[PDB]
Amino acid sequence: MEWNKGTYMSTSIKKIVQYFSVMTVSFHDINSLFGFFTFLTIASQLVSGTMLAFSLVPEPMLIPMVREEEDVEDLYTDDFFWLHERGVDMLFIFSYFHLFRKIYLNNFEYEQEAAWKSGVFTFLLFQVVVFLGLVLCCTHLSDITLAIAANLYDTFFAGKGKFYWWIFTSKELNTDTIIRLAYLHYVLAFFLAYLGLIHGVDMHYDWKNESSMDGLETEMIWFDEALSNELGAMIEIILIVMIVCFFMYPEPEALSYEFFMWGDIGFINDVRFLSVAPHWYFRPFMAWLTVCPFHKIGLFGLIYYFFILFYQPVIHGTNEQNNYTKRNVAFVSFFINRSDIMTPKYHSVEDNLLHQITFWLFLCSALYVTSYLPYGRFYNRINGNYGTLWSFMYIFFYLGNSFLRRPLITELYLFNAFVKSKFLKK
Amino acid sequence: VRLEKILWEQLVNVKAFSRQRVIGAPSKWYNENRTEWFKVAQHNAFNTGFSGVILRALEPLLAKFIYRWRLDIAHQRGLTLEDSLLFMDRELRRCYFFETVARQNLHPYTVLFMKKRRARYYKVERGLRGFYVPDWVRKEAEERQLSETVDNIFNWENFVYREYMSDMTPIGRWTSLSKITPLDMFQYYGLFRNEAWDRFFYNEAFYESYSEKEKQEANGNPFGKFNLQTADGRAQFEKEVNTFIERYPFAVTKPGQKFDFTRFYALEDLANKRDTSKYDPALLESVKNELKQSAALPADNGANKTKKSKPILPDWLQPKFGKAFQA
Amino acid sequence: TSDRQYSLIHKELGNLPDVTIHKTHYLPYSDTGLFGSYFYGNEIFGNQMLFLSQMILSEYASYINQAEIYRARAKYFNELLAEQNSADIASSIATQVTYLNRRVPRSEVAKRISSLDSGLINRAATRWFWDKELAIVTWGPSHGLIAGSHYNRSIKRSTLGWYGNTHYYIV
Amino acid sequence: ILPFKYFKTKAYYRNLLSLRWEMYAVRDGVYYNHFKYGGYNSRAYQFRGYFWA
Amino acid sequence: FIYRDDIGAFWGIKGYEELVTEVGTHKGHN
Amino acid sequence: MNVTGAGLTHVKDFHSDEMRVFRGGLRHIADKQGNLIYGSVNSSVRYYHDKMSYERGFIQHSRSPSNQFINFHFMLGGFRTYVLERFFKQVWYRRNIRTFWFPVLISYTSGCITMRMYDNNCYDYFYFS
Amino acid sequence: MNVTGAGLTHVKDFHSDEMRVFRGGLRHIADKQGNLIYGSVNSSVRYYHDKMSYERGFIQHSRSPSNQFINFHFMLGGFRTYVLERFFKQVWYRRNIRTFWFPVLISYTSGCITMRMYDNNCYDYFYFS
Amino acid sequence: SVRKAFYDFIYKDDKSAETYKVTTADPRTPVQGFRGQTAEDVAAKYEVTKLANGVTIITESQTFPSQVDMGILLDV
Ligand SMILES: CCCCCCCCCCCCCCCCCC(=O)OC[C@H](COP(=O)([O-])OCC(O)COP(=O)([O-])OC[C@@H](COC(=O)CCCCCCCCCCCCCCCCC)OC(=O)CCCCCCCCCCCCCCCCC)OC(=O)CCCCCCCCCCCCCCCCC
Ligand SMILES: CCCCCCCCCCCCCCCCCC(=O)OC[C@H](COP(=O)([O-])OCC(O)COP(=O)([O-])OC[C@@H](COC(=O)CCCCCCCCCCCCCCCCC)OC(=O)CCCCCCCCCCCCCCCCC)OC(=O)CCCCCCCCCCCCCCCCC
Ligand SMILES: CCCCCCCCCCCCCCCCCC(=O)OC[C@H](COP(=O)([O-])OCC(O)COP(=O)([O-])OC[C@@H](COC(=O)CCCCCCCCCCCCCCCCC)OC(=O)CCCCCCCCCCCCCCCCC)OC(=O)CCCCCCCCCCCCCCCCC
Ligand SMILES: CCCCCCCCCCCCCCCCCC(=O)OC[C@H](COP(=O)([O-])OCC(O)COP(=O)([O-])OC[C@@H](COC(=O)CCCCCCCCCCCCCCCCC)OC(=O)CCCCCCCCCCCCCCCCC)OC(=O)CCCCCCCCCCCCCCCCC
Ligand SMILES: CCCCCCCCCCCCCCCCCC(=O)OC[C@H](COP(=O)([O-])OCC[N+](C)(C)C)OC(=O)CCCCCCCCCCCCCCCCC
Ligand SMILES: COC1=C(OC)C(=O)C(C/C=C(\C)CC/C=C(\C)CC/C=C(/C)CC/C=C(\C)CC/C=C(/C)CC/C=C(\C)CC/C=C(\C)CCC=C(C)C)=C(C)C1=O
Ligand code: HEM
Ligand code: HEM
């Protein structure tokens, strides 16, 4: 393998210890600490999941009874289960906030490539693990999730020759499927730790809390000066989350989304398809499937979202040609009388207003997409929510199209002002 | 297989459709300067056609939300547009091409001052947020007009093109990162690039370019087609320049003063073949002196020099004072 | 960079700082002949010089770029037009007469070599270079090369193309 | 615990930024050759043979 | 973002529209 | 030729002391001899922090925190200046809200309106008369 | 002193071309420049073959296996000489059996004797008269 | 053509190809359907002309058709 030149860092215990004992971190704010929160939540997820594994027997017909009985006879088991669920929630929250923050700072440059992609891959893997975890609940929610995943897997093969059997045996949750998925969940959850370590090592090459290049050269020593601040910011965000959850969720509630988790596989055969809803983090994808009734187009939308999320630095980056790359433009060619356009250069973050407007439109579209369930019972018979379609289409356009990111208007206007001023002053 | 002579090329790139490949004298890759391309494109988009008409109507909004916004933020930070436009913070922080070019060509101060100006603000903003730069720093920030920042920007971009970007030959490439991830593993660079397929040889003639007419037109009067000789043209030109100065406070003059049009007309007359004595000799002398100084590259006087060090070993590292007849 | 050229072997040689001299010798005789490559360079690149010559040649049995074909074509044309000294031309005439009883003119040689094509090049290379035996000599510090100093699998598969470049790339 | 976190982190960072900087005019014969010929990039192996050639 | 309060879905949770579900929690406090 | 560079080129060569135990005779090489190979990550992990930085005639002064305020520049002035005017107008609005108030407001209003229209269609579906 | 060695010692110093892209101008460094650092495992894995070997005036000849017997020297003599004598008397006995026939025989005899004693005591336990 | 593409895809000779016949002819005999003209050397004629700016160009006619050589000399 001569094509592979090498590795940025050799993750040996000696060198890792030295690197983390000599690491320096520049002064930062809370917005640039979501990565540490994600990593700490990953560590707690590892610990709590290890504790849970010693209680969960992978037989589907015993998981509900085992969970119910081992919460009483054993102390702290239900505490660890609650910690695991809330850790998944906070892990999704921190990961998406980190993604939004890194999209905001325009980290699609070439020097960020290794930092960016290594992160996205981790995120991608972090998705798969979550899916497997859901299956372990052995509720009707797990049944529906497994069925949808099996249908998506079988989509690639045109429904020929049961290529899904090695994992989704019969497309149903049984002893074999549960055992295999639980073991894969454990192994990939532990692999996520190594992936996160690799990403954290890579990203330190060019780390910035803000886009503006502060001239400071002195930096904090990571072990305690930065670590204490990271832990404190984690504490503050956890306090805020506790307050919001305490007030937004009354102790007894009516019509929660957990009501679909009543049905346990095996015990209850009939499924209340009227109220089918996943956890909020997988809510956007189920909403997309409901909005796009076409199976192939929905699968393509999911794959495109994830992969374009992976390939941001390539579409929007400098591309090593130093902004001499030529785009393909539909209509601007007529206005400029040129087939192609040189990539614009001045695309700062804090200063320009177009970038902020587009980014916040994208973020609000994502929030609206996760805001509710389209309720496919008559979501199409009734003309569907136009806001959901607008938000999905803007998400697709923002990720992939370079006219909403690095727009040409700013560069042309700045050059016009430059030309006018130089002509006036010669 | 050869990309040229492929069935598609044989059927399409034929003299009948005028799509044939034409072979000429060898020429460098990246034949077109980016600064000139953007100048011509900006002129075409703003001062011609329906696009020009639309963009002229948007001058107020663009000036408010794209120029005065950046200027206000920079002044709040004790900076100017230069600090954000001459060298982007991306290049200033982490960019190996910029680092190498600066090391090989630039004097250290040209970037040291850029870094220290931001250090001034961010030594306080990080310590305590919400920092508003005091008036004395804001004054020196406001002193420099955009008319010199544009000169610096054009000089830097033209130098980078003529010296480095004009001596580069891109090639087909695999993933730069030696990452084991399969998604990064099989990244293919070279296809989906317009330049890659537009010309398969370094001898091919260039098929898309700006006509000489457009290049010459883009060097005229940015504000519009006027006639500074006739009084009617001068009135409209002065009106447009005044509204421009109003829209852009620190572009050509301080936001409280007015532009001296007589000096501008004298400069135009001196630069071109048109000449006359309608201006005072003092005005002509001042204009010539200003023109000479503006185009004069600063040089070192070799005066007021500090002392160079010639260190010597301390006393304890040297032999003692005494020295007697050895034998 | 070494990648920016049309000679495949020169790319590799430029990548190696200390591999200094390389020349391809074609010595034909009445009954037999030897066609090969002689490298001279620092012993640290021993294997690199050992497995390089074959790797390129055998690779031409599977694929050769038209750029190399035209480069060699032009070089041969120029060398044909570069025979000017009387001694060299007289010696060439005498040798050609001895081995063929005929003086091969410039035009005939140009027509012969120019008619070569990528397919013909591949067929000739596979006839003469692909998966063929070798005569190898190494003179000088052989501390690195003693381990593989015998005619073994590594040498056997060197005359293959993309299969056998394992040892060249390492180091 | 919030106030003690504040003392540990934010006040401490503000204290560390209480730095006095001074720049002088060095005009001795020495040339800035270290700047012209210097610098190391940890990701140089990813840029060698791939970029700006 | 704003969910109508007479559809029969509490806070936007669709389904359970053939039931009386808001009694004691949202309408009335047992 | 029998020269190190073959007599026609110069080779930047160096015999690393790694893999060698003795300088000569029976004395070990210095433990940190390998660090004398500048610009190599293998030499030290400190080379990862390698951003461009060059300076001459630069002096900076720092003071021990023991001699500095535990909480410096806290509540200077009143609540109005330190909190209402600085942390809210200059830190929350000037930096954050001033950037996203318009896009967020537009998206929020549009989502509210679209959800209301969707709910009204749902009502029409469920309720007649 | 301002010199690199401080005027007291000579420092074996080297500026590794690693962590650099261009040796001059925009020209790139040689792809395998780092291999010029001799005596470093990091340079190449081949350095792990670190056996001691020095020789002069030595010439070695090795022939292609394509001009050699597929199974050379097999049954070159009679079956008795190649197998019964060479293998069962000079490879098995002379090497293996001649070295452990005595200790293994003694151990086997002692173990058999003691196991027989153990079985005899067991029989005495189980059976009476 | 189709035949050339096929015989290139599988690395086999195309006997009927004219190029193959030309490239696999007996070295002791002339090529079947090609023959180059005979030419005789001519004397060398030198000509020097100065341009308006001051650049001076020297030229020599071809004694026998061969490769063109060009050069720029500077008193620097
Ligand atoms: C937790 C409990 C379970 C533990 C299981 C442990 C493994 C068991 C099998 C192997 C046992 C021998 C181990 C020898 C290791 C020698 C190498 C070494 O230590 O180098 C340091 C190595 C890093 O090497 P590197 O050169 O730095 O390259 C990475 C760079 O950072 C570059 O970074 P980057 O960003 O460019 O790349 C990102 C990422 C991108 O990677 C990917 O996307 C690829 C997916 C991950 C790898 C998938 C491997 C699948 C193997 C299936 C095996 C089936 C079972 C049968 C096993 C027996 C043999 C058949 O790259 C990687 O992660 C590549 C590193 C691969 C690590 C695993 C190496 C061992 C397995 C290799 C194959 C088998 C060897 C057997 C040898 C002995 C003979 C039996 O670090 C580790 O080994 C990390 C260990 C983490 C352990 C946590 C749990 C993960 C377990 C492995 C992954 C399982 C994924 C799920 C599989 C599901 C299948 C259905
Ligand atoms: C959306 C929601 C709404 C919005 C939410 C907004 C959220 C906002 C979050 C804001 C977070 C950041 C806050 C920052 C505050 C900054 C304050 C400041 O300026 O300090 C600078 C100031 C010095 O700054 P400087 O600029 O260097 O001074 C310049 C001076 O000119 C010269 O300075 P110096 O050299 O004179 O001073 C050196 C310094 C250096 O001294 C030290 O470092 C020694 C520190 C010793 C701490 C000992 C802790 C003991 C804790 C347990 C106590 C017993 C508990 C019993 C409970 C049951 C009672 C029945 O010594 C002192 O200053 C001595 C003063 C302390 C006297 C001794 C008492 C200490 C503990 C007091 C708190 C505990 C009270 C318990 C309850 C009492 C009954 C109500 O720092 C301090 O002195 C800090 C002292 C420690 C304060 C801890 C406060 C904790 C309070 C917890 C209890 C809360 C109330 C009760 C609750 C009950 C129910 C649970
Ligand atoms: C009680 C009364 C009893 C009375 C009777 C007593 C009888 C006493 C008998 C005593 C026997 C003594 C034997 C002494 C052995 C000495 C060996 C020796 O010294 O070797 C070196 C000896 C001499 O070589 P050297 O040392 O270079 O000396 C130079 C010589 O002067 C000159 O060298 P050379 O190059 O001239 O060597 C000539 C040599 C050859 O030497 C060579 O150059 C090597 C050539 C190797 C060719 C191997 C065969 C290639 C084809 C394989 C099949 C491909 C199928 C593909 C199908 C595709 C379908 C899509 O001659 C051959 O051509 C023999 C090759 C025989 C190969 C047989 C392998 C199995 C074929 C199975 C075919 C199945 C077809 C299925 C069709 C489809 C059905 C659905 O070399 C060989 O003998 C090489 C060949 C060895 C073949 C061994 C085959 C063993 C088979 C299994 C054991 C036999 C019993 C099996 C029973 C099965 C029951 C179920
Ligand atoms: C109950 C069930 C069955 C249990 C079976 C248990 C087996 C135990 C074996 C113990 C010995 C293992 C030694 C391994 C190597 C370490 C030693 C070593 O290398 O020493 C250096 C020593 C000297 O070597 P060196 O100086 O380095 O020179 C290089 C050699 O020439 C390099 O040698 P080479 O490459 O030329 O030779 C390769 C070697 C290849 O041999 C192997 O090691 C290969 C073995 C393959 C099979 C191994 C596994 C078999 C497992 C079967 C049971 C499985 C159960 C579980 C099944 C699944 C679950 C239920 O072939 C030979 O040399 C064979 C020579 C011996 C043939 C017999 C000649 C004597 C006949 C007359 C005496 C008969 C017995 C007398 C008993 C006592 C009363 C006098 O090496 C040898 O010569 C030893 C050769 C290997 C051992 C030969 C067999 C000796 C057995 C003696 C056992 C006595 C125990 C006490 C009495 C028991 C009464 C019942
Ligand atoms: C799902 C339906 C799909 C439609 C059906 C299509 C099926 C056909 C599948 C073709 C792809 C698989 C590759 C097989 C051939 C690859 C040959 C190759 O790599 O050659 C170059 C490679 C080059 O590799 P190399 O470099 O190792 O070779 C060098 C060897 N020397 C130096 C000696 C020359 O090997 C060859 O040169 C082999 C040439 C033989 C060509 C064999 C062609 C077989 C025909 C394949 C299918 C034809 C179409 C009909 C299919 C029926 C469909 C209805
Ligand atoms: C495609 O199909 C596939 C899958 O499914 C889809 C897969 O999952 C997989 C991968 C998965 C597997 C092969 C299954 C692996 C399962 C795993 C890793 C799940 C378990 C994960 C864990 C983290 C378990 C952790 C367990 C513990 C902490 C238990 C601790 C218990 C003990 C006893 C610890 C103390 C003891 C020791 C350390 C032993 C030391 C010795 C002693 C104490 C001696 C004592 C005795 C004496 C006399 C002193 C593959 C490859 C696959 O192909
Ligand atoms: C980042 C790491 C991990 C993530 C993101 C993750 C994700 C999840 C999720 C989403 C669930 C379902 C929660 C729910 O439906 O409410 C789950 C359940 C579960 N996980 Fe994980 N997990 C991780 C690590 C682990 C590890 C390391 C183990 C074991 C070593 C583990 C074991 C389990 C078990 C046993 C369950 C089911 C418990 C039960 O049903 O009572 N998890 N996980
Ligand atoms: C479980 C998933 C992830 C973990 C554990 C993780 C971890 C981290 C950590 C600890 C940091 C340093 C602290 C910080 O920059 O805030 C970081 C930075 C970074 N992350 Fe991630 N991250 C994850 C997901 C992602 C995603 C989804 C992306 C992009 C799509 C990404 C891209 C980056 C980048 C570019 C940086 C460096 C930022 C900079 O240079 O300023 N990461 N990551």
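Chain A is the first sequence line, chain B the second, and so forth, proteins listed ahead of strands; every chain is numbered from 1. The figures that follow rest on heavy atoms only: side chains count, while hydrogens, waters and symmetry mates do not.
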Self-check item: Residue pair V314(A) / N319(A): nearest heavy atoms and the distance that separates them
Solution: O-OD1, 3.4 Å
Quiz item: Would a line drawn from the ring center of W156(B) to the ring center of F87(B) be shorter than 6.0 Å?
Solution: yes
Quiz item: Can we call the ring centroids of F51(D) and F97(B) under 6.0 Å apart?
Solution: no
Quiz item: Which atoms form the tightest heavy-atom contact between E208(B) and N337(A), and what is the distance?
Solution: OE2-O, 4.3 Å
Exercise. Report, as yes or no, whether the 6.0 Å neighbourhood of atom CH2 on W3(A) holds more than 12 heavy atoms from other residues, nucleotides or ligands.
Key: yes
Quiz item: More than 12 heavy atoms of other residues, nucleotides or ligands under 6.0 Å from CZ of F200(B): is that the case?
Solution: yes
Practice problem: Show your working on side-chain hydrogen bond (donor to acceptor under 3.5 Å, both in side chains) between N44(B) and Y210(B) and close with a plain yes or no. | Solution: CA-CA 11 Å; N44(B) 289 15; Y210(B) 283 132; 5.1 Å; no
Quiz item: Does a side-chain heavy-atom distance below 4.5 Å link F102(F) with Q356(A)?
Solution: no
Quiz item: Would you say the side-chain atoms of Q66(C) pair up with the backbone N or O of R2(B), donor to acceptor, closer than 3.5 Å?
Solution: no
Quiz prompt | Spacing of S176(B) atom OG and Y45(D) atom OH [to the nearest 0.5 Å] | solution = 11.0 Å
Quiz item: Any chance CZ of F397(A) has more than 12 other-residue heavy atoms, nucleotides or ligands included, within less than 6.0 Å?
Solution: no
Exercise. Can you sort out the partners of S211(B) under side-chain contact (heavy atoms from CB on, under 4.5 Å), two or more places apart, ordered by chain and number?
Key: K213(B), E214(B)
Self-check item: CZ (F159(B)) with more than 12 external heavy atoms under 6.0 Å
Solution: yes
Exercise. Measure the spacing between NZ of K102(A) and CZ of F108(A) and express it to the nearest 0.5 Å.
Key: 15.0 Å
Practice problem: State whether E99(B) and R103(B) are salt-bridged, where the test is any N-O pair (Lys NZ or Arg NE/NH1/NH2 against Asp/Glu carboxylate O) under 4.0 Å. | Solution: yes
Exercise. Check whether NZ of the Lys or CZ of the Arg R199(B) lies under 6.0 Å from the centre of the six-membered ring of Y207(B) and within 45 degrees of that ring's axis.
Key: no
Self-check item: Ring centres under 6.0 angstrom apart (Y189(B), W174(B))
Solution: no
Self-check item: Stepwise side-chain contact (heavy atoms from CB on, under 4.5 Å) test for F307(A) and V120(A)
Solution: CA-CA 9 Å; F307(A) 277 72; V120(A) 179; over 6 Å; no
Practice problem: Evaluate the criterion side-chain hydrogen bond (donor to acceptor under 3.5 Å, both in side chains) for residue pair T410(A) and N352(A); output intermediate values, then yes/no. | Solution: CA-CA 8 Å; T410(A) 61; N352(A) 61 0; over 6 Å; no
Exercise. May I have the step-by-step check of side-chain contact (heavy atoms from CB on, under 4.5 Å) for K208(A) and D89(B), ending in yes or no?
Key: CA-CA 11 Å; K208(A) 54 185 181 175; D89(B) 43 66; 5.8 Å; no
Practice problem: Could you pull out the closest heavy-atom pair between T358(A) and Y394(A), with the gap in Å? | Solution: O-OH, 2.9 Å
Quiz prompt | Exam field: side chain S118(C) to backbone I64(C), donor-acceptor pair closer than 3.5 Å | solution = no
Quiz prompt | Evaluation steps, side-chain hydrogen bond (donor to acceptor under 3.5 Å, both in side chains), between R48(D) and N41(D) | solution = CA-CA 11 Å; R48(D) 198 186 307 98; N41(D) 205 274; over 6 Å; no
Quiz item: Would you say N328(A) and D340(A) make side-chain contact, with heavy atoms under 4.5 Å?
Solution: yes
Quiz prompt | Side-chain donor/acceptor of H355(A) to backbone N/O of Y104(A), under 3.5 Å | solution = yes
Quiz item: Taking C-beta and beyond as the side chain, do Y6(C) and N65(C) meet within less than 4.5 Å on heavy atoms?
Solution: no
Self-check item: N/O donor-acceptor pair under 3.5 Å between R327(A) side chain and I341(A) backbone
Solution: no
Quiz item: Is there a donor-acceptor pair closer than 3.5 Å between any side-chain N or O of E59(B) and the backbone N or O of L55(B)?
Solution: no
Exercise. Work out which heavy atom in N4(A) is nearest to a heavy atom in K179(B); give both atom names and the distance.
Key: ND2-N, 4.2 Å
Self-check item: NZ/NE/NH1/NH2 to OD/OE distance under 4.0 Å, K5(A) and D31(G)
Solution: yes
Self-check item: Basic-acidic side-chain contact under 4.0 Å: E240(B), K420(A)
Solution: no
Quiz item: Are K345(A) and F38(B) in a cation-pi setup, meaning NZ or CZ lies under 6.0 angstrom from the ring centre and within 45 degrees of the ring axis?
Solution: no
Quiz item: When the aromatic ring centroids of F396(A) and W288(A) are compared, is their separation below 6.0 Å?
Solution: yes
Practice problem: Starting from the C-alpha separation in whole Å, work towards a yes-or-no answer on salt bridge (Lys or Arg N to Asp or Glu O under 4.0 Å) for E113(A) and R43(D). | Solution: CA-CA 11 Å; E113(A) 269 184 348; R43(D) 291 192 182 275; over 6 Å; no
Exercise. With the side chain counted from C-beta on, respond yes when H347(A) and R90(B) share a heavy-atom pair under 4.5 Å apart, and no when they do not.
Key: no
Practice problem: Show your reasoning for whether side-chain contact (heavy atoms from CB on, under 4.5 Å) applies to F100(A) and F359(A). | Solution: CA-CA 9 Å; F100(A) 293 151; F359(A) 170 80; 4.0 Å; yes
Exercise. Any pair with a residue in residues 155-169 of chain B that passes salt bridge (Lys or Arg N to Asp or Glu O under 4.0 Å), sequence neighbours left out, goes on the list, sorted by first then second residue, please.
Key: none
Practice problem: For the pair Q112(A) (side chain) and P313(A) (backbone), establish whether a donor and an acceptor sit closer than 3.5 Å, ignoring hydrogens and angles. | Solution: no
Practice problem: Taking the six-membered ring for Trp and the single ring otherwise, decide whether the centroids of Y110(A) and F47(D) are under 6.0 Å apart. | Solution: yes
Quiz item: Just by distance, do the side chain of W52(D) and the backbone of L26(G) share a donor-acceptor pair under 3.5 Å?
Solution: no
Quiz item: Do the non-hydrogen side-chain atoms of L85(B) and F418(A) ever get within less than 4.5 Å of each other?
Solution: yes
Practice problem: First locate atom CG of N47(B), then atom CZ of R56(B), and finally report the distance between them rounded to the nearest 0.5 Å. | Solution: 5.0 Å
Exercise. Would you give the length of the straight line joining atom CG of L99(A) to atom CZ of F123(A), rounded to the nearest 0.5 angstrom?
Key: 6.0 Å
Exercise. Please assess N322(A) against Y161(B) for the test side-chain hydrogen bond (donor to acceptor under 3.5 Å, both in side chains), listing each intermediate value before the final yes or no.
Key: CA-CA 10 Å; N322(A) 187 249; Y161(B) 171 80; over 6 Å; no
Quiz item: Taking the side chain from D72(B) and the backbone from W69(B), do they hold a donor-acceptor pair closer than 3.5 Å?
Solution: no
Quiz item: Judged by modelled atom types alone, do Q187(B) and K117(A) share a side-chain donor-acceptor pair under 3.5 Å?
Solution: yes
Quiz item: Looking only at heavy atoms, what is the nearest atom pair of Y346(A) and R70(B), with distance?
Solution: O-NH2, 4.1 Å
Quiz item: Quick one: are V252(B) and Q145(B) in side-chain contact, heavy atoms under 4.5 Å?
Solution: no
Self-check item: Flag, side chain of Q10(B) to backbone of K5(B), donor-acceptor distance under 3.5 Å
Solution: yes
Quiz item: Can you find a heavy atom in the side chain of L408(A) that is under 4.5 Å from one in the side chain of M342(A)?
Solution: no
Exercise. Give the minimum heavy-atom separation between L399(A) and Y304(A), together with the two atoms involved.
Key: O-OH, 3.4 Å
Quiz item: Looking at residues at least two apart in the chain, or sitting in another chain, which of them share a side-chain contact (heavy atoms from CB on, under 4.5 Å) with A63(B)?
Solution: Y413(A), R68(B), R247(B), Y248(B)
Exercise. Using modelled atom types only, decide if a donor and an acceptor are shared between the side chain of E9(B) and the backbone of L3(B) within a distance under 3.5 Å.
Key: no
Quiz item: Does any non-hydrogen side-chain atom of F362(A) lie less than 4.5 Å from one of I395(A)?
Solution: yes
